[PDB]
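Hydrogens, waters and symmetry mates play no part in the numbers below; they use all other heavy atoms, side chains included. Each chain gets a letter, A, B and so on, in the order its sequence line appears, and its residues count up from 1.
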Amino acid sequence: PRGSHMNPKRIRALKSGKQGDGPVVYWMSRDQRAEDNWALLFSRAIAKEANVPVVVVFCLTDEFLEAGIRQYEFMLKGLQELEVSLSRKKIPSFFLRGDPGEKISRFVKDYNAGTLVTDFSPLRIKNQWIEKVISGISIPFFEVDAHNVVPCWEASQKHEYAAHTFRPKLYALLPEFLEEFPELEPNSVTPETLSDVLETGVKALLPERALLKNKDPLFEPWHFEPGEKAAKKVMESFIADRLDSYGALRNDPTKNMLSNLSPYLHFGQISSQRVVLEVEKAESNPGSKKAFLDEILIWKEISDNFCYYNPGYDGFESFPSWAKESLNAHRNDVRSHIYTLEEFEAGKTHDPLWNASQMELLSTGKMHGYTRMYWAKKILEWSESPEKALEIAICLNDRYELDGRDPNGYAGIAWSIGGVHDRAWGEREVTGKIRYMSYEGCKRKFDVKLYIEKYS
DNA sequence: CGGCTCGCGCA
DNA sequence: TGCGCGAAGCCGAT
Ligand SMILES: Cc1cc2nc3c(=O)[nH]c(=O)nc-3n(C[C@H](O)[C@H](O)[C@H](O)COP(=O)(O)OP(=O)(O)OC[C@H]3O[C@@H](n4cnc5c(N)ncnc54)[C@H](O)[C@@H]3O)c2cc1C
């Protein structure tokens, strides 16, 4: 659909039909940003070719009732800043509430939309909303992958077993898809309140707030300033101050050596392609640059590949055959300790290292990448069954992580519990051939006393 | 057949 | 801390 700096492989048709005479409607869900957004850039080009304006619609669902205030407040502040950003580009942002399957379809008829465009995501709830919209609309419906550098359906056409099989496929398509972003052109033709939806949502999530003994909330909201502008500043600080030592202090939770981009990368407040662009041109350590590029390209996008080709990505069935047979044979193995969901949530286990990992999750909403493995693998070692371990790990991850309800989470949990994108290891009790990690192994890699003392 | 994103013994 | 090895099942390049 026209465009010079626009690769058509980033778009795909969801429903054919006659193009209406109305403006182009962008159903922004996953990539909540104005700059470096293919789904918005493609929506502007179609609008320019049809001599119509472009509008942005966001549907707020009841999904926030499953999470807490930490994710609702982080995402809502970004949309308030996003509202002003599109206003400067003469693009109006319309915020709806309810089921997108009925709210978007009613929107299309009411506003007399001519073309509908949405961003891509492999989650189950989005494939459902899309199909309900398809049955209720009669205009063309497009979908753009503005989250992955290479489109998910283009990098691979199947579920990738391991990264060493996905690495050469992704890196072979980098010279084509890794490109600069054209600027967003404001509209030529011009045509509720977010403050009220924020106050209404917080009042409903108040009883479920995580508290201390003295009724003092646990979440510390000053660690990550939300929004598109603050996401850019985090990237600049990481490249200038943290990219050099990234390859050596990657797995040390006592050091703040990570990029801290996942809360912004999840909500779409920042483009991973933009991060990859800035990293490629920076002069830094080559082992550090390779280590970071493998994280944000190979492993961030193979998580989308995992969810796109495995609909049960959050279930025991998605595990490989060797893992399922191994964990099934150890179901009757006596376990050293049995902790319920409440004991894991409050951090009341016998392991001070595990409790400290949960404390960081409860206080900052973002646990260190290395400790997230020990946090999830010890849940499997201290649960009733593999199904309960998957249930508990997903519950705490999606409730308290600022990057929860993400394909990176379900792939990361399935990696730690089900050996997805992993291999077999030494045979043990309970866990079987799943990769084992011990408290003593962490003692030889970093100062565990500092990490425990930092979070009680 | 070669090589995959732990623990462990040893400088 | 940094390195080489062990224990394990399977992809995929042929
Ligand atoms: C059990 C488990 C659960 C996880 N839960 C989530 C989750 O809900 N949301 C989430 O965003 N990440 C999750 N991950 C991945 C990883 O823990 C985080 O992406 C990372 O810790 C975020 O911190 P960072 O951005 O500073 O990391 P950095 O080292 O700065 O990494 C930069 C980016 O690379 C990507 N990345 C890094 N490590 C991974 C990984 N292992 N898998 C996939 N992408 C990765 C992320 O997009 C991240 O923002 C989980 C991993 C595990 C093992």
Side-chain angles (χ1 to χ4, degrees), chain A residues 155-172 245-255 257-259 262 272 276 279 285-289 291-306 309-310 318-330 336 351 353-354 357 367-381 386 389 407-442 445-448 450-451:
Chain A
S156 185
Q157 290 74 232
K158 75 215 123 246
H159 156 73
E160 292 295 324
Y161 192 106
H164 73 83
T165 62
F166 186 59
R167 169 162 314 107
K169 315 173 153 213
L170 204 291
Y171 272 138
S245 300
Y246 178 92
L249 309 179
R250 218 154 64 56
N251 301 157
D252 199 332
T254 71
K255 329 271 188 177
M257 226 60 261
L258 299 184
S259 74
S262 62
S272 65
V276 167
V279 157
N285 187 288
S288 272
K289 282 177 61 157
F292 181 74
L293 283 180
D294 274 355
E295 293 297 327
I296 200 162
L297 275 178
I298 294 310
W299 283 113
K300 170 175 165 293
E301 301 195 8
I302 209 178
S303 305
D304 265 33
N305 168 272
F306 172 60
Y309 296 112
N310 306 268
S318 69
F319 294 169
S321 298
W322 72 262
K324 294 201 284 203
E325 283 164 5
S326 187
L327 278 102
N328 280 333
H330 288 280
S336 59
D351 197 340
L353 173 54
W354 197 98
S357 306
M367 189 207 303
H368 187 274
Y370 191 79
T371 41
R372 277 159 110 141
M373 294 178 321
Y374 191 90
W375 172 83
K377 282 177 174 299
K378 285 315 172 177
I379 285 167
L380 169 64
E381 208 179 322
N408 287 339
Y410 301 120
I413 290 168
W415 180 95
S416 303
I417 300 188
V420 172
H421 299 146
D422 210 28
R423 43 209 209 71
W425 297 88
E427 169 80 359
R428 316 189 52 89
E429 303 176 9
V430 181
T431 56
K433 284 177 223 176
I434 301 298
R435 186 191 292 247
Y436 183 73
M437 280 171 40
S438 61
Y439 174 86
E440 293 79 9
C442 295
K445 230 158 283 201
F446 69 93
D447 197 354
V448 198
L450 211 171
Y451 185 72

- Message: If I take atom CD1 from residue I413(A) and atom CG from residue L380(A), how far apart are they, to the nearest 0.5 angstrom?
- Response: 12.0 Å

- Item | Nearest-angstrom distance, P atom, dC6(B) to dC10(C) | 22 Å

- Message: Checking base pairs now: Watson-Crick or wobble, both atom distances under 3.5 Å. What partners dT1(C)?
- Response: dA11(B)

- Hey, could you give me the CG/OG1 distance between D252(A) and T371(A), rounded to the nearest 0.5 Å? 10.5 Å

- Query: So does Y374(A) get a side-chain nitrogen or oxygen closer than 4.0 Å to the phosphate oxygens (OP1/OP2) of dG7(B)?
  - Reply: no

- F306(A) pairs by side chain to side chain contact (heavy atoms under 4.5 Å, CB included) with which of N310(A), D304(A), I302(A)? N310(A)

- Length of the line joining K378(A):NZ and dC6(B):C1', which is rounded to integer Å: 12 Å

- Note on the structure: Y439(A) OH to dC8(B) P, in whole Å, measures 14 Å

- Message: With rounding to the closest Å, how many angstrom separate the P atoms on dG3(B) and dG6(C)?
- Response: 15 Å

- With north defined by a positive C1'-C2'-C3'-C4' torsion and south by a negative one, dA7(C) has a sugar that is south

- Here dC5(C), assessed by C1'-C2'-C3'-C4' with north positive and south negative, has its sugar south

- Message: Measure CG/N251(A) against P/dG7(B) and give the value in whole Å, please.
- Response: 11 Å

- Watson-Crick or G-U wobble partner of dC1(B), both distances under 3.5 Å: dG12(C)

- So does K255(A) have more than 12 non-hydrogen atoms from other groups sitting under 6.0 Å from NZ? no

- The ring pair (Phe, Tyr, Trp, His ring centres under 6.0 Å) partners of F319(A) (sequence neighbours excluded) come to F316(A)

- Task: If the plane angle is over 60° it's perpendicular, under 30° parallel, otherwise tilted; pick one for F446(A) and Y370(A).
- Result: perpendicular

- Query: How close or far is atom P of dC6(B) from atom CD of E440(A), stated in whole angstroms?
  - Reply: 15 Å

- Message: Would you compute the distance between atom NZ of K378(A) and atom OH of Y439(A) and round it to the nearest 0.5 angstrom?
- Response: 12.0 Å

- For each nucleotide in nucleotides 8-14 of chain C, reading 5' to 3', give B when a protein heavy atom comes within less than 4.0 Å of its base, S when such contact involves only the sugar-phosphate, and - otherwise. BBSSS--

